[PDB]
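Before any questions on how it binds or moves, here is one chain, the form deposited without this ligand, in structure tokens.
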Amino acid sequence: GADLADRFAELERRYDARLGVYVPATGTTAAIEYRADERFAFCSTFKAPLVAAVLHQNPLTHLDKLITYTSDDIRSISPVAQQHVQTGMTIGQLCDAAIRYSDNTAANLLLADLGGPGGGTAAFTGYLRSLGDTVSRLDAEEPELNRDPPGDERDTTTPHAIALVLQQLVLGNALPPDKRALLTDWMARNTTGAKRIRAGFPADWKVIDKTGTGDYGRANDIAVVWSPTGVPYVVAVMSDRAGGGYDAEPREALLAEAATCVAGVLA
């Protein structure tokens, strides 16, 4: 008799990694949970709820507010923002870049919009508290949030927590449907996750996601997937390879394989 947890454990051993998985239960399906209550660094996965917080806090007209910044605001990696130092970027453009290009400057600017220059990470955490998440915490802005040592609770979430956050944001009622549609669209057009959860699900499944990558071999992806018949699931996959040191290689393929196991039981 097979056991999916044993297969996740095999993946761990094969990649010399720690893997966390959460797929919330539905009316038709059991939860999938593997190290789901263990802490993993957010890395860039926080950018999706960040955009939700900004959407939540403001009228949609706020998307047109122009944010200006200088070259001294640029934090690697900022594929969009570093090309717009002269023009600035609107809040909407920043949300786009933060999700679709994992743009770090965009994320820091959004944190500043949310909670001001000193308060953004605290404001973000407070948004998660408002969704019922009492475990997650954001402490640093980009790029330091990717660099906490293993064991350090700063800048961490759990697969269970982030999955339930994403569930509420995309499938639930955390956002009104207009704002929900914007978040969903940005995630749907993400340029970063083709080799993660997307790679484990057949082509006839829709996948929207937000990736995260950091030190200690951290590679995460949080997604909402729809079956070919329109049935949605939230899939959170987190990993690290802390045993390898701060410069351990993040392994996208581990997330792809984890997602394959998930798809195998959801299909």
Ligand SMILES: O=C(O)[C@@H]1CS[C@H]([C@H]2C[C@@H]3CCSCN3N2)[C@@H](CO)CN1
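Counting begins at 1, following the sequence as shown.
Not pictured, yet referred to below: the form solved in complex with this ligand.
Undergrad: In the deposited bound form, do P49, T125 and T157 all put a heavy atom within 4.5 Å of this ligand?
TA: None of them does, since no heavy atom lies within 4.5 Å of the partner.
Undergrad: Looking at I77, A140, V85, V135, which has any heavy atom no more than 4.5 Å from this ligand in the deposited bound form?
TA: Residue within 4.5 Å of the partner: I77.
Undergrad: Can you work out whether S44 and this ligand are in contact in the deposited bound form, taking contact to mean some heavy atom pair no more than 4.5 Å apart?
TA: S44: contacts this ligand in the deposited bound form.
Undergrad: With a cut-off of 4.5 Å between heavy atoms, is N146 one of the residues that contacts this ligand in the deposited bound form?
TA: Close contact exists here: in the deposited bound form, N146 approaches this ligand to within 4.5 Å, heavy atoms only.
Undergrad: Contact with this ligand in the deposited bound form for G200, defined as at least one heavy atom pair within 4.5 Å: yes or no?
TA: Close contact is absent here: in the deposited bound form, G200 is far from this ligand, nothing within 4.5 Å, heavy atoms only.
Undergrad: Quick one: find which of 26-34, 212-220, 232-240, 65-73 has residues within 4.5 Å of this ligand in the deposited bound form by heavy atom distance.
TA: Of the options given, it is 212-220.
Undergrad: Across 84-102, which residues bring a heavy atom to within 4.5 Å of this ligand in the deposited bound form?
TA: Only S102 sits within 4.5 Å of the partner.
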